[PDB]
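Take a look at the structure set out below.
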Amino acid sequence: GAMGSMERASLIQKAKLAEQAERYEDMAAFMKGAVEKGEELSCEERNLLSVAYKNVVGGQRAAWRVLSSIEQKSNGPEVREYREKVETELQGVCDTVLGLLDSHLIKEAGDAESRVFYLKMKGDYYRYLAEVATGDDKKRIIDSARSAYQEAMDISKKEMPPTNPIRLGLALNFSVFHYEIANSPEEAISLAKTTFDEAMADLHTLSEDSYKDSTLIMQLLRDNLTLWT
Amino acid sequence: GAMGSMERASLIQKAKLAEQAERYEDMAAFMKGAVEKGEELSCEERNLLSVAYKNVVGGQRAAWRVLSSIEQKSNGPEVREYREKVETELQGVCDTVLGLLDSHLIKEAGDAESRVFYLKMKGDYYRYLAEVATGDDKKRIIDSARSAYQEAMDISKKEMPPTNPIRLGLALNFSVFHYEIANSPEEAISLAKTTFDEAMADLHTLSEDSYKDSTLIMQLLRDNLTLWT
Amino acid sequence: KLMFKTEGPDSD
Amino acid sequence: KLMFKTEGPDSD
Ligand SMILES: C=CC(=O)Nc1ccccc1-c1csc(C(=N)N)c1
Ligand SMILES: C=CC(=O)Nc1ccccc1-c1csc(C(=N)N)c1
């Protein structure tokens, strides 16, 4: 694509500059270009990829919710047309990320840390597609998210300690998937509670810095449990 | 352009929806499409146009400043390249707005309220071009901003009361032009003080609602004076 | 809509 | 950079 002529290292450097400038669409385009170089990504580069697209899709999700709410209240074609425009752009971003993951980030990821990271992303972006999906395509999209999250969970439980931040963030997101996408609030609560309690029991093994990383995500699990129970 | 097939009224409605969704690039594209219909704009529509592009260019200015600061500290080509990319996009947005004003918003604006509004915009977008300009092109751009602001000032003083919010916002922006673009801090301070004092003396003529509109902008003049004196 | 906590930047 | 107050949305 349009980043084919730029050095991988230059694309990474510009992604970091774009982050500092809060230019997340640019950041995502630079990271897409870095991924398309074909080399595997480091932990820092995976985080740049994820942060960029999370910010882009986050703005789209927030806009879509505003428009959907106005549309529901209003039920001319303009509200529906514009909600559809935003929805299509959101779906396009999800498809782009899912495309990077299947071609070929996931299949080239052999280490637990990288494979879990990417499968969690696959779950997340199918989850964002599910949020806007309506009907049977909705069922298939939900199952795709579930499958990705479940495979990530299986690997993380076998290969990572219970305080691992990637493992914790995965469980957090899968529990939110259960609560409001799969309409399984009890599964959500059970997952969040077990994850929190097993991490709690492992905190004594950690350095001050790792302790801070793990407790930050545990607090998000607690935040959700407080709202759900 | 791509909005040529959409009804003017639909474009206005979608601009208002985009504002609610905080989708300012869309809002600006809808308003550009409304302007290009060729009809004059109402006060509300002028405000939609201005708010949309102010938000778009505001994000670009903030990004450009972050990048320029990193570049100055660093003095590879990447920082300069990316600052240039953002700079070109900013210049493109300024050129688009200036294009709308000259073709043909300003020449079709006969009422003081509309003509002052557009000439203030012309001053503002030449001012944003000046912020990134370097050298002699810089001098010509500064003079273009000055000329637009001055003509707006002349009309506003002849045709509007000193508490008129358009007149007040014009003087605010022209005073900031003087302070940091034209390197005329004394002209800036004099303008802000005279504008504030003349509005103060006219507040007794206003309704509660107009009083609130005028005092809000007077507080911005005071905010600047506090920093400048 | 009430959004629950998920991982990473709270960008929506 | 210290930015002074100007009219309209403080979007930068
Ligand atoms: C501030 C720098 C920093 O933490 N760099 C890293 C170094 C090693 C692994 C991950 C990261 C990382 C995590 S999030 C993130 C981001 N740029 N948002 C970067
Ligand atoms: C909230 C609605 C409202 O104030 N509508 C108006 C009606 C008559 C003149 C101007 C406006 C206006 C000023 S700013 C603005 C905006 N949409 N940002 C709209």
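Following the order of the structure tokens, first chain is A, next is B, and so on, with residues numbered from 1 inside each chain and ligands from 1 in the order they appear.
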
Near chain C, 6 Å: chain A residue rows, closest pairs, only C-alpha atoms, as a tab-separated table:
residue	atom	partner	partner_atom	distance
A:55	CA	C:11	CA	5.1
A:58	CA	C:12	CA	4.1
A:59	CA	C:12	CA	5.2
A:62	CA	C:12	CA	4.7
A:169	CA	C:7	CA	5.3
A:173	CA	C:6	CA	5.2
A:220	CA	C:5	CA	5.9

Could you save those same residues with C-alpha atoms as an mmCIF file, in the first residue's frame?
data_model
loop_
_atom_site.group_PDB
_atom_site.id
_atom_site.type_symbol
_atom_site.label_atom_id
_atom_site.label_comp_id
_atom_site.auth_asym_id
_atom_site.auth_seq_id
_atom_site.Cartn_x
_atom_site.Cartn_y
_atom_site.Cartn_z
ATOM 1 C CA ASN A 55 -7.995 4.652 19.417
ATOM 2 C CA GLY A 58 -12.847 3.799 19.785
ATOM 3 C CA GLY A 59 -13.768 7.092 18.157
ATOM 4 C CA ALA A 62 -18.451 6.324 20.363
ATOM 5 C CA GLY A 169 -6.480 -8.056 29.968
ATOM 6 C CA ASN A 173 -12.258 -8.395 27.708
ATOM 7 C CA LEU A 220 -10.647 -2.982 36.115
#

Distance filter 9 Å around ligand 2, atoms: only C-alpha atoms and all ligand atoms, out as a count of residues only: 17

One residue among A:38, A:165, A:185, A:1 is nearest to ligand 1 when using only C-alpha atoms and all ligand atoms, and that residue is A:165

Contact table chain A vs chain B, cut-off 9 Å, shortest pair per residue, only C-alpha atoms, as JSON lines:
{"residue": "A:10", "atom": "CA", "partner": "B:78", "partner_atom": "CA", "distance": 6.4}
{"residue": "A:11", "atom": "CA", "partner": "B:78", "partner_atom": "CA", "distance": 8.7}
{"residue": "A:13", "atom": "CA", "partner": "B:78", "partner_atom": "CA", "distance": 7.4}
{"residue": "A:14", "atom": "CA", "partner": "B:78", "partner_atom": "CA", "distance": 6.7}
{"residue": "A:17", "atom": "CA", "partner": "B:67", "partner_atom": "CA", "distance": 7.3}
{"residue": "A:18", "atom": "CA", "partner": "B:63", "partner_atom": "CA", "distance": 8.2}
{"residue": "A:20", "atom": "CA", "partner": "B:66", "partner_atom": "CA", "distance": 7.2}
{"residue": "A:21", "atom": "CA", "partner": "B:63", "partner_atom": "CA", "distance": 4.6}
{"residue": "A:22", "atom": "CA", "partner": "B:63", "partner_atom": "CA", "distance": 6.9}
{"residue": "A:23", "atom": "CA", "partner": "B:63", "partner_atom": "CA", "distance": 7.1}
{"residue": "A:59", "atom": "CA", "partner": "B:23", "partner_atom": "CA", "distance": 8.5}
{"residue": "A:60", "atom": "CA", "partner": "B:23", "partner_atom": "CA", "distance": 8.7}
{"residue": "A:62", "atom": "CA", "partner": "B:21", "partner_atom": "CA", "distance": 7.4}
{"residue": "A:63", "atom": "CA", "partner": "B:21", "partner_atom": "CA", "distance": 4.6}
{"residue": "A:64", "atom": "CA", "partner": "B:21", "partner_atom": "CA", "distance": 7.6}
{"residue": "A:65", "atom": "CA", "partner": "B:21", "partner_atom": "CA", "distance": 8.4}
{"residue": "A:66", "atom": "CA", "partner": "B:21", "partner_atom": "CA", "distance": 5.7}
{"residue": "A:67", "atom": "CA", "partner": "B:21", "partner_atom": "CA", "distance": 6.8}
{"residue": "A:70", "atom": "CA", "partner": "B:17", "partner_atom": "CA", "distance": 8.8}
{"residue": "A:76", "atom": "CA", "partner": "B:10", "partner_atom": "CA", "distance": 8.8}
{"residue": "A:77", "atom": "CA", "partner": "B:10", "partner_atom": "CA", "distance": 8.9}
{"residue": "A:78", "atom": "CA", "partner": "B:10", "partner_atom": "CA", "distance": 6.4}
{"residue": "A:79", "atom": "CA", "partner": "B:14", "partner_atom": "CA", "distance": 7.4}
{"residue": "A:82", "atom": "CA", "partner": "B:14", "partner_atom": "CA", "distance": 6.9}

Okay, now the selection with N, CA and C atoms, as an mmCIF file, in the first residue's frame?
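New file selection_8.cif:
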data_model
loop_
_atom_site.group_PDB
_atom_site.id
_atom_site.type_symbol
_atom_site.label_atom_id
_atom_site.label_comp_id
_atom_site.auth_asym_id
_atom_site.auth_seq_id
_atom_site.Cartn_x
_atom_site.Cartn_y
_atom_site.Cartn_z
ATOM 1 N N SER A 10 11.584 3.338 9.952
ATOM 2 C CA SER A 10 10.996 4.674 9.823
ATOM 3 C C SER A 10 9.503 4.667 10.159
ATOM 4 N N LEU A 11 8.779 3.620 9.696
ATOM 5 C CA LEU A 11 7.353 3.472 10.008
ATOM 6 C C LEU A 11 7.146 3.360 11.513
ATOM 7 N N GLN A 13 9.182 4.460 13.924
ATOM 8 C CA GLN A 13 9.494 5.752 14.528
ATOM 9 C C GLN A 13 8.340 6.751 14.334
ATOM 10 N N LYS A 14 7.790 6.811 13.112
ATOM 11 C CA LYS A 14 6.654 7.695 12.827
ATOM 12 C C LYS A 14 5.381 7.291 13.568
ATOM 13 N N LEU A 17 5.869 8.887 16.923
ATOM 14 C CA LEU A 17 5.643 10.332 16.794
ATOM 15 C C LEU A 17 4.152 10.650 16.674
ATOM 16 N N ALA A 18 3.436 9.881 15.843
ATOM 17 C CA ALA A 18 2.004 10.074 15.681
ATOM 18 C C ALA A 18 1.280 9.878 17.003
ATOM 19 N N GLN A 20 2.486 10.520 19.998
ATOM 20 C CA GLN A 20 2.767 11.722 20.794
ATOM 21 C C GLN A 20 1.909 12.893 20.356
ATOM 22 N N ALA A 21 1.653 12.986 19.040
ATOM 23 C CA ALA A 21 0.830 14.006 18.421
ATOM 24 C C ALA A 21 -0.673 13.706 18.486
ATOM 25 N N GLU A 22 -1.045 12.569 19.055
ATOM 26 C CA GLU A 22 -2.437 12.115 19.127
ATOM 27 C C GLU A 22 -3.057 12.015 17.733
ATOM 28 N N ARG A 23 -2.247 11.592 16.749
ATOM 29 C CA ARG A 23 -2.692 11.392 15.390
ATOM 30 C C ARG A 23 -2.871 9.891 15.158
ATOM 31 N N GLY A 59 -13.046 5.932 18.648
ATOM 32 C CA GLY A 59 -13.768 7.092 18.157
ATOM 33 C C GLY A 59 -14.974 6.711 17.308
ATOM 34 N N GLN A 60 -14.818 5.678 16.471
ATOM 35 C CA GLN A 60 -15.927 5.248 15.635
ATOM 36 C C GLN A 60 -17.050 4.644 16.479
ATOM 37 N N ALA A 62 -17.805 5.247 19.631
ATOM 38 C CA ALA A 62 -18.451 6.324 20.363
ATOM 39 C C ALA A 62 -19.396 7.102 19.441
ATOM 40 N N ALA A 63 -18.949 7.417 18.224
ATOM 41 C CA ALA A 63 -19.820 8.098 17.249
ATOM 42 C C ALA A 63 -21.032 7.245 16.886
ATOM 43 N N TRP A 64 -20.799 5.954 16.594
ATOM 44 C CA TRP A 64 -21.882 5.047 16.238
ATOM 45 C C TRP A 64 -22.938 4.992 17.339
ATOM 46 N N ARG A 65 -22.511 4.991 18.613
ATOM 47 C CA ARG A 65 -23.483 4.895 19.703
ATOM 48 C C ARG A 65 -24.329 6.147 19.777
ATOM 49 N N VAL A 66 -23.699 7.318 19.630
ATOM 50 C CA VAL A 66 -24.436 8.590 19.599
ATOM 51 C C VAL A 66 -25.483 8.541 18.498
ATOM 52 N N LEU A 67 -25.070 8.118 17.282
ATOM 53 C CA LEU A 67 -25.996 8.122 16.143
ATOM 54 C C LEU A 67 -27.094 7.085 16.306
ATOM 55 N N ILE A 70 -29.758 8.452 18.639
ATOM 56 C CA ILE A 70 -30.633 9.435 17.975
ATOM 57 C C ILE A 70 -31.590 8.725 17.034
ATOM 58 N N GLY A 76 -37.058 11.725 7.939
ATOM 59 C CA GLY A 76 -36.241 11.508 6.750
ATOM 60 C C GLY A 76 -35.164 10.453 6.948
ATOM 61 N N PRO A 77 -34.452 10.131 5.872
ATOM 62 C CA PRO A 77 -33.479 9.025 5.912
ATOM 63 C C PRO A 77 -32.104 9.411 6.460
ATOM 64 N N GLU A 78 -31.882 10.678 6.779
ATOM 65 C CA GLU A 78 -30.536 11.191 7.047
ATOM 66 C C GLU A 78 -29.877 10.532 8.261
ATOM 67 N N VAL A 79 -30.606 10.387 9.388
ATOM 68 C CA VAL A 79 -30.000 9.771 10.572
ATOM 69 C C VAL A 79 -29.533 8.358 10.242
ATOM 70 N N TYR A 82 -26.491 8.373 7.857
ATOM 71 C CA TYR A 82 -25.214 8.771 8.455
ATOM 72 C C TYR A 82 -24.729 7.718 9.465
#

Could you give me the residues within range 2-177 of chain A that DSSP places in helix (DSSP H, G or I), as a PyMOL selection string? chain A and resi 8-20+24-35+43-74+78-105+112-132+136-159+165-177
